[PDB]
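If you want the building blocks of each chain, they are given just below.
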Amino acid sequence: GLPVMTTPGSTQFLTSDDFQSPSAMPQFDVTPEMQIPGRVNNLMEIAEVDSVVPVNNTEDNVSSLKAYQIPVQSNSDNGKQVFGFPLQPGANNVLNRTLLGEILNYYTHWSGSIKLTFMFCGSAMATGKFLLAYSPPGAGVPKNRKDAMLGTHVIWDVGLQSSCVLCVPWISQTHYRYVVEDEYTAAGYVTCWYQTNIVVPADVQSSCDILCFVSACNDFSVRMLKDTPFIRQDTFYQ
Amino acid sequence: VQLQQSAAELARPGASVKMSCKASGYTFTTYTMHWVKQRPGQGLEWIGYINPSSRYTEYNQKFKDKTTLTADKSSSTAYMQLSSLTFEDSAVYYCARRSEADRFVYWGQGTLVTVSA
Amino acid sequence: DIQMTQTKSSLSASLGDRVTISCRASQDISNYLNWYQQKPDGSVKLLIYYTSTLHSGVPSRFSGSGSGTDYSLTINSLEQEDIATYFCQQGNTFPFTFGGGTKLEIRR
Amino acid sequence: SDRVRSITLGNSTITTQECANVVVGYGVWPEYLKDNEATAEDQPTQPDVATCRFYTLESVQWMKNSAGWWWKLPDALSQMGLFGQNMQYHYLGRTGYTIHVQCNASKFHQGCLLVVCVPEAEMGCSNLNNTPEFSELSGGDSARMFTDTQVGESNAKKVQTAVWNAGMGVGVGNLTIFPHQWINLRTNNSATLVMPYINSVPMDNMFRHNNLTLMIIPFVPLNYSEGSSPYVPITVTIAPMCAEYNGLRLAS
Amino acid sequence: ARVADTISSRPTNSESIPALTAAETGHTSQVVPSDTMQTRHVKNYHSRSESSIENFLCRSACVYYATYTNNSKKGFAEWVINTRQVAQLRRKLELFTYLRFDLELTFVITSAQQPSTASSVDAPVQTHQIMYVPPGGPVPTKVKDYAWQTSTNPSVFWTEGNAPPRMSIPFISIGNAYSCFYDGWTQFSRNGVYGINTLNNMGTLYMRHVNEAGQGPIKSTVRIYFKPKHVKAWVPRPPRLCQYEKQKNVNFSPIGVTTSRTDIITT
Amino acid sequence: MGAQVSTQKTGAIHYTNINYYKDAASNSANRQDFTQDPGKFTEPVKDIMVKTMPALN
C-alpha cells in the first residue's frame, strides 16, 4: 500500500509520447537482418540530392516535359532577362514540388544555404556568357542588368565543363525562416541575364536549352514537423 | 467547397448552348470534372469528364459527336458545349467532381435545357 | 456496359417502417456499388460509397448489404426527410452506368 | 585522361573514348551471398564466365518527337544465351548488373538524355480498376515506349504512359534520387551504371519479379539543322555480375 | 548532430575552379558558400535531430475506423490489417522502398445512443472486445459465436470511461523487411493479380460488444492508431505526386508537375 | 539496475529509464540515434573527384 497521487494529465492519449506497453506476442522470434544497400538515416540527405526544377510554367507546359527547359536563343540586343523567381522553397510554385520542396512541406522552419546548378544542354559549337544574380530583399526585383549586378552574382562561361553552381548564402535577421509565404521573413529573388550573346556557327540551331537543379548545402536544417498540404482524402481507399 | 452552375437555357433545334460549372473551395486543377445528363423520364446518364490540368477530355460512345468539354485556369470554371440540338437533348445536366476512382462526392444544382419553337 | 436494373421504380411505406430498395446488375461487379439520394428540389448527395460503408454526414438509419449480383439498401426507420429518389451506380467497368430511379411515398 | 574507360567481362570488352565517370550503386559493389544471410541449404551454381558477359539489346531510334523508353532486365536477358537457360532450370537466383547506354552524335547536334535505373517500379494502368497485363509491361529485349499524351480510360489493360508522371505517378524531375547519369551530346557520349542486388529477400524467383527498371527519358529533345544525319540510334548493353542460382528442377 | 559551420574566405585569383563542375556524372556538387564569395567565420549550433527517421515516423496516426450496432444481428466489425487506406500515413511510408519497424496500437472507442422506444432507458457501462486473428485461424460469423473464446488469439477487453487500450507488436514478416512496392505477380505463369497485395498477410481484427442489448440500441465506433517504433528504412524514393485512387495498386490519373504562373520572369 | 541514458535535449541534465518488460519490442522509441552518411547518395562515384579540380579531365 504505497501512497501515490495522480497528477493532471492522467488517462490521456497524447499522440507523441514515448511510453512502454505490454507486448501482444511474447517471446516472438523476429527474422534476422540483412545488409540491404541504400540505408537512409536522416531526411537531410534526401534533400541534398539534385533535382530538376520546373522553371518554365506558362499555363500549358506544366503537363509536358517543357516545364524543365529554359529557352535560350541568339539575341539581337544586350542584357536580356532569361528567367526570374523569388526564393521561397516551400511556398513559391517553382521550387514547391522538387526533392527539396517536398521535404520542406513536412516541416515549418528552415535554415541554410541552397545550391543552384545550371547545365547548358546546347550544341557543342555554341558559346555564351551568363550572369546569375541573387538580390536580398528590401528593394524590388531587379529590372536591369545594372540593378542585378549589385547583388551576389557569378559570371558563367560555357565550355568543356558544362555546369556552374550558384550557391546562395544564408543572409537573414533571424536564425530560421518560415516555410509558408510570409512578408516578415522574405528571402529575395534569383534572376538570370545575358552577359554576352549566344554565338553559333553556320548550320547550327540557334535555340538552345538550359536545365536547372536545386539542392541544399551541408548546413541545412529543419524544425517543427507538421502535415503536408499536397495530399487530401474524402472517403477511404477501397 | 461547393459548385455552382449556370441558369436555365433555351435554344432552337440545331443551335448550340454552352453551360458552365464554377468550382470553389479547393484546388481546381487537381480533380477531374464530370457531367451527368438526366432526362425527366429516365435515370442518370454519364457523358464524360475532363482533366483540368492537362486539358484531356474523354467522352462516352453516345455523346462523342455532340458534346465538347472545355475549362480554364483563371476563373476556375468548366464549360460544356452541346451542338446539333434535337428534341431528346431536353434534360437536366449536372456537374460532379470525381473523388476516389468510382464515387462522386460533390454535385451541382443542375441547369434545365429545353428546345422548342 | 453493365445494365444496373431496379425493378421497383416506386415504393410506399408509412412513417416508422423499414423499407428495402434493391438493385440488380448484369454481371458480377465485385462489391463496387454506390448509393445516391436525389431530393425533390434537385440536390444529389452520396449516401454509401461501398456495399455497406456509410458516408460522413449521413444519419445512421441507412445501411447497405448485398454481394455478387444482387444488392440492397435498408432504412430501418422511415422519416419525413427521407422521401426522395434513390439510385445505384456501379464502378467496375467503363463507362459508369447508373440504375433507374426509385421514388418513395406514404402508405395511406 | 579521365575520359577513357575499358570494361572487361568474360570474353567481351567495351571501350569508350569520351565519357563521364561511372556510377556504382548505392556505394556498394556486387558480391556473392555470405554464409550469414543464406537461407537455402543446397549448393548454388556459379558459372561466372558463361553468364557474366556483355549482352547487347536491340537498338531504338531517337526521333525528334520521342518521349522515352523502358526495359525491365531480369526479363530483357531471358532469351540471351546461357543466362536465359539457367533462369529456366533453376527456381531461385540473384545477380547484380552493369549497364552501358551508348548514343553518339556529332558536334552539330544537341540533346540530353536521363539514364536512370530504378528498383521496384510498379506501373499504373490506364483503367483505374484493372492492372496492366504482362505483354504491356515488358517485352523481351525490345523497348516499351512512353507517350507525350495521356492514354484514355477506355483501354482495359494498358500501361498509363504519360511521360511527365513517369508511369508511376511521381514527378519526373525527382527521378534523380535513384542512381543515374546524363548523356549530354555536347560533352558526354555514354553512361555507365553498376548496380548491386537490391531486394528484401536474399534470393528471388527470376520469372515473376522484376527488381529493376531502366528508363531513358529525353529531357532536351534532339535537334539539328538540315544536312546533318537524321538517324540517331541508342543501344543498351547489359552484363550480369556475380550471378548464382539454386533449386534445380525441370524446364518450365 | 550539429551542422557544419562556415570558415573565413579571402579574395582569390587562381586557377582552381570550385564553381565549374559537370552534372553529367550523376554527382552533386559539394561546394559551400565560402568558395564563391567572401564569408565571415560563424559557428552554427543548429542540430538535425528532428529530421531523423525516428523523429519523422514515430507519431500516432489513424488508419481506419469501423462501426457496429448493439441491438442488431450480424452487428460486429472486421478489418484486414493494411496501412494504405488513408492518405497521410500512406504518403509518408512510400518515401522508402523497404521498412522494418515495431508497432504500437491504440484504440479510441466511443458510443452513441440510438432512437429506441422504451420509456426511461438506463444502461450500465459497456465492455468491448477486440480480437486479433492471425492469417489462417478460424473466424467468427456471428456475435454469440464460439470463436470469441480466444484460446491462442490475443484479445483485449475495455470498459468505457478508462484510459484507451494499447498493445505492442514486434516485426512480424516472412522476409527481412516490409515491402511497400512489389513489381511482380503471384502466380508463376504471370496471370491474375499484380502489385503489392501479394505480400499483405498481416491478419484480421474483429470487434464486438460484450454486454447484451438491454433496452436501447447503442452504436459504437473504434478508431485504430499506428505508431512505428525502432524504424529502419532503405532505398529512398520520390514522393507521390498524383492523388491516390485505389488501395491494392498504384493506379492514378495524370496531372501537371506544378501549378502555373503567367510568365517566366514574373515573381 | 537502471540505465543512465541521462543526456537530455537542451539548447546551446540527467534522466533515468528502466525497462519493465521481457520483450525488446516493447521498449520506448530510440529518438537519440544521430548518424549521418550522405556520401552514398551524393557521391556514388567510383573515382573520387576533388572539388577544386575540374571534373572532366
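- Its PDB record attributes the structure to cryo-EM, giving the resolution as 3.24 Å.

### Quick word on the overall build of chain F
Right, on to step 1. Across its full length, chain F carries zero helices and zero strands.
Right, on to step 2. On C-alpha atoms alone, chain F measures out to a radius of gyration of 21 Å, which is more than a quarter above the 10 Å that the 2.2 N^0.38 rule sets for 57 residues.
Right, on to step 3. Along the first, second and third principal axes, the C-alpha atoms of chain F reach 60 × 35 × 15 Å.
Right, on to step 4. When the 57 residues of chain F are sorted by exposure, 25% land in the buried category.
Right, on to step 5. As displayed, chain F has an accessible area near 4200 Å², and 53% of this comes from carbon and sulfur atoms.
Right, on to step 6. When the 6 positive and 5 negative side-chain charges of chain F are each reduced to one mean point, those points stand 5 Å apart.

### Details of the overall build of chain B
Right, on to step 1. Assigned secondary structure in chain B consists of zero helices and 11 strands.
Right, on to step 2. Shown N-terminal to C-terminal, the secondary structure of chain B runs as helices and strands in the order β-β-β-β-β-β-β-β-β-β-β.
Right, on to step 3. Here the C-alpha radius of gyration of chain B, 14 Å, is about what a compact globule of 117 residues would show, namely 13 Å.
Right, on to step 4. Taking all 117 residues of chain B together, the buried fraction comes to 54%.

### A short note on the state of the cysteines
Right, on to step 1. Applying the stated criterion across every chain, the model contains two disulfides over all chains.
Right, on to step 2. Shown here is the disulfide that connects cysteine 21 of chain B with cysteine 95 of chain B, its sulfur atoms set 2.0 Å apart. On the S-S bond that ties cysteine 21 of chain B to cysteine 95 of chain B, the torsion sits near 65°, and the link is right-handed. Residue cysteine 21 of chain B is found in strand β3 (residues 17–23), and its partner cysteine 95 of chain B is found in strand β9 (residues 92–98); the two are separated by 74 residues along the sequence.
Right, on to step 3. The exposure class of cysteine 21 of chain B is buried, given its relative accessible area of 0%.
Right, on to step 4. Relative accessible area serves as the criterion here: at 0%, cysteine 95 of chain B is assigned to the buried category.
Right, on to step 5. Each disulfide pairs two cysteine sulfurs, and for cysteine 23 of chain C the partner residue is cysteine 88 of chain C, the sulfurs being separated by 2.0 Å. Its S-S torsion of approximately 65° makes the covalent link between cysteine 23 of chain C and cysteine 88 of chain C right-handed. Taken together, the positions of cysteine 23 of chain C in strand β2 (residues 19–24) and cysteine 88 of chain C in strand β7 (residues 85–90) put the pair 65 residues apart, joining distant regions of the chain. When sorted by exposure, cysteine 23 of chain C lands in the same class as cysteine 88 of chain C, which is buried.
Right, on to step 6. No disulfide involves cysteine 208 of chain A; its sulfur sits 9.9 Å from that of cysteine 121 of chain A, the nearest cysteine.

### A short note on the interface of chain A and chain E
Right, on to step 1. Facing the 93 residues of chain A at the interface are 88 residues of chain E.
Right, on to step 2. Between chain A and chain E, a total of about 8000 Å² is buried, with carbon and sulfur atoms accounting for 59% of that surface.
Right, on to step 3. Between the two partners, chain A and chain E, sit three salt bridges.
Right, on to step 4. Between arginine 48 of chain E and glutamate 48 of chain A there is a salt bridge, and its shortest N-O distance comes to 3.0 Å.
Right, on to step 5. The tally of links from chain A across to chain E stands at 35 residue pairs in polar contact.

### Examining the sheet that holds strand β6 (residues 70–75) of chain C
Residue and element names in this part refer to chain C.
Right, on to step 1. Ordered by their spatial adjacency, three strands build an open sheet running β2-β6-β5, and the pairing between neighbours is antiparallel. The outermost strands of the open sheet, each flanked by one partner alone, are β2 and β5 (62–67). Across the sheet, the mean angle separating the axes of adjacent strands is 20° when strand polarity is ignored.
Right, on to step 2. Where β5 meets β6, six bridges bridge the pair, whose relative direction is antiparallel.

### A few points about the pairing of β9 of chain B
All names here are of chain B.
Right, on to step 1. Most of β9 is tucked away: six of the seven residues are buried.
Right, on to step 2. Bridging between strand β4 (residues 33–38) and β9 involves six bridges; their strand directions are antiparallel. Note that in β9 the partner of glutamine 38 across the bridge is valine 92.
Right, on to step 3. Pairing of β9 with strand β11 (residues 111–115), which is carried by two bridges, proceeds in the antiparallel orientation.

### Quick word on the interface of chain B and chain E
How big an interface is tends to be expressed through the accessible area that disappears when the partners come together.
Right, on to step 1. Contacts between the two partners involve 10 residues from chain B, matched on the other side by eight residues from chain E.
Right, on to step 2. Taking both sides of the interface into account, the surface hidden between chain B and chain E amounts to around 680 Å²; carbon and sulfur atoms contribute 46%.
Right, on to step 3. At the boundary of chain B and chain E, one finds two salt bridges.
Right, on to step 4. The closest approach of N and O atoms between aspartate 102 of chain B and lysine 246 of chain E, which form a salt bridge, is 3.0 Å.
Right, on to step 5. Inspection of the region where chain B meets chain E yields three residue pairs in polar contact.

### Looking at the nonpolar core
Right, on to step 1. Counting 195 residues, the largest nonpolar core has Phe130 of chain A, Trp107 of chain B, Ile99, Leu175 and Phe219 of chain D together with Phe96 of chain E as the members making the most contacts within it.
Right, on to step 2. In contact with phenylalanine 219 of chain D, not counting residues within four places along its chain, are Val52, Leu65, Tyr68, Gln69 and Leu211 of chain A together with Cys112, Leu114, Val172 and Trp182 of chain D.
Right, on to step 3. Counting 25 residues, the second-largest nonpolar core is a separate cluster that includes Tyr26, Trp35, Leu69 and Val113 of chain B.

### Digging into the sheet that holds strand β10 (residues 218–226) of chain E
Residues and elements named next belong to chain E.
Right, on to step 1. Taken in spatial order, the three strands line up as β2-β10-β5 in an open sheet, and their pairing is antiparallel. Whereas interior strands pair on both sides, the edge strands pair on one side only; in this sheet they are β2 (61–69) and β5 (106–113). Averaged over all pairs of adjacent strands, the angle between their axes in this sheet comes to 20°, without regard to strand direction.
Right, on to step 2. Summarising the sheet, β5 and β10 pair through eight bridges and their orientation is antiparallel.

### Quick look at the arrangement of the chains
Right, on to step 1. Across the 13 pairs of chains in contact, the largest number of contacts is found between chains A and E.
Right, on to step 2. Spatially, chain B and chain F are disjoint, and the shortest separation between their C-alpha atoms is 32 Å.

### Some thoughts on unusual backbone geometry
Across the chain, the bulk of peptide bonds are trans and the bulk of non-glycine residues have phi less than zero.
Right, on to step 1. With omega at 0°, the peptide bond leading from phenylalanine 94 of chain C into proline 95 of chain C counts as cis.
Right, on to step 2. Even without a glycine there, the phi angle at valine 235 of chain E is positive, about 55°.
Right, on to step 3. Looking at where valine 235 of chain E falls in the secondary structure, it is placed in strand β11 (residues 229–236).

### Some remarks on the packing of aromatic side chains
To describe a pair of aromatic rings, you give the distance between the ring centres and the angle between the ring planes.
Right, on to step 1. Counted under the stated rule, the structure contains 36 aromatic pairs over all chains.
Right, on to step 2. Each member of the aromatic cluster is reached from another via a ring pair, and the members are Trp46, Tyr49, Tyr94, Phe104 and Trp107 of chain B together with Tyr36, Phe94, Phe96 and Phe98 of chain C.
Right, on to step 3. The ring of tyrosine 176 of chain A has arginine 223 of chain A sitting right over it, with the charged end atom 4.2 Å from the ring centre.

### So, a nonpolar patch on the surface
Right, on to step 1. On the surface, a nonpolar cluster with roughly 340 Å² of combined accessible area is contributed by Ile18, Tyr20 and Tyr21 of chain F.
Right, on to step 2. Since its relative accessible area comes to 38%, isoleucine 18 of chain F is described here as partly exposed.

### Things to note about the environment of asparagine 176 of chain E
Right, on to step 1. Of note, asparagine 176 of chain E is situated in the loop between β7 (155–159) and β8 (178–179).
Right, on to step 2. When the C-alpha positions of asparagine 176 of chain E and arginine 100 of chain E are compared, they lie 7.8 Å apart, and in sequence the two are 76 residues distant.
Right, on to step 3. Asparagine 176 of chain E has contacts with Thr31, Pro32 and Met34 of chain A, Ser200, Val201 and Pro202 of chain D together with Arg100 and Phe171 of chain E, leaving out every residue within four places of it along the chain.

Conventions used here
- Residues numbered from 1 in each chain as written, not as in the entry; some residues may be left out.
- Chains lettered and ligands numbered in written order.
- Heavy atoms only, no water.
- Helix = DSSP H or I, 4+ residues; strand = E, 2+ residues; numbered from the N terminus.
- Rg over C-alpha atoms; globule rule 2.2 N^0.38 Å.
- Buried < 20%, exposed > 50% of the residue type's maximum accessible area, 1.4 Å probe, protein only.
- Areas by Shrake-Rupley, 256 points an atom, 1.4 Å probe, with all protein chains shown as cover.
- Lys, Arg positive; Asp, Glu negative; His and termini not counted.
- Charge placed at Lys NZ, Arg CZ, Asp CG, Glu CD.
- Disulfide = S-S within 2.5 Å.
- Contact = heavy atoms within 4.5 Å.
- Buried area = accessible area lost by both parts, 1.4 Å probe.
- Salt bridge = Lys/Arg side-chain N within 4 Å of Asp/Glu carboxyl O.
- Polar contact = N/O pair within 3.5 Å; in protein donor to acceptor, adjacent residues only side chain to side chain.
- Pairing = 2+ DSSP bridges.
- Axes fitted to C-alpha atoms, helices over the stretch in contact; angles between N-to-C directions.
- Core = buried A, V, L, I, M, F, W, Y, C linked by side-chain atoms within 4.5 Å.
- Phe/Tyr/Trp six-rings, centres within 6.5 Å; stacked < 30°, edge-to-face > 60°.
- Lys NZ or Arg CZ within 6 Å of the ring centre and 35° of its normal.
- Patch = residues over 30% accessible without salt bridge, like charges linked within 9 Å, V, L, I, M, F, W, Y side chains within 5 Å.

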